[PDB]
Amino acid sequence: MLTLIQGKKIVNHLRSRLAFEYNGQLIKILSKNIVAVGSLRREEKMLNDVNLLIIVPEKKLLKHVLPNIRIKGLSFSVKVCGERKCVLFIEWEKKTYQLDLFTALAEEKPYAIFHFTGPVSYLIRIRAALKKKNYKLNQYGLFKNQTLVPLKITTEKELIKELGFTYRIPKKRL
C-alpha cells in the first residue's frame, strides 16, 4: 500500500528510466509518451498499485515493448506479461509495491487514457449510455457497427465532449 505523494514520486523516478529491448537494441521511452493513469491520476489519498500508460508509435513494436521492458537500477520481478498489459512487482526503498503497465498507439491515445483513468463505475455508466445509442466504447476507440467511428479529436477532454458528456477532471468521475 502507498500514499498519493509516494506514488507521484515513483512516477517521477521512472519517466526518465524507461526502455525496452528490440533486436539487441535498448530503446529509450520518452517521458512525452508516458501517461500515469489509475487511482493515481484520480488524485486518490491512498494507493495500491501504480499504473502507467506507455504510448507506442508503430504497430509492429507491440510484440517487443512490454515483454522485453527494462528499468534502470531497479529490482523487479514479473507476475504476468502480454503485449498490452504487464504486471511488475518492484522494490522501492526496501519494500514491495505492485506496478502495472499498459500500451496504446497514437490514434488510440485519447480512448486509452479515458479507459485507464476510470474509475470503473464511471466507465460503466458511460459505456452503457452509448450502448443504448448503438455504439460500443473501449480502450481502442468508438465503434458503431463493426467499423470504428473516426473522430476528429486529439485530446481526452476533446473526446469526452465529442461523446457529448460533461467534462470533469479525473478526481470527480464516479
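Position 1 is the first residue in the sequence shown; the rest follow in order.
As the entry records it, the average C-alpha temperature factor is higher for 12-20, out of 12-20 and 156-164.
Per-stretch averaging of Cα B factors for 35-43 and 56-64 places 56-64 on top. The entry assigns its greatest Cα B factor, within the set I69, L137, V50, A128, to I69. The residue among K28, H115, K109, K133 whose C-alpha carries the highest B-factor in the deposited model is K28.
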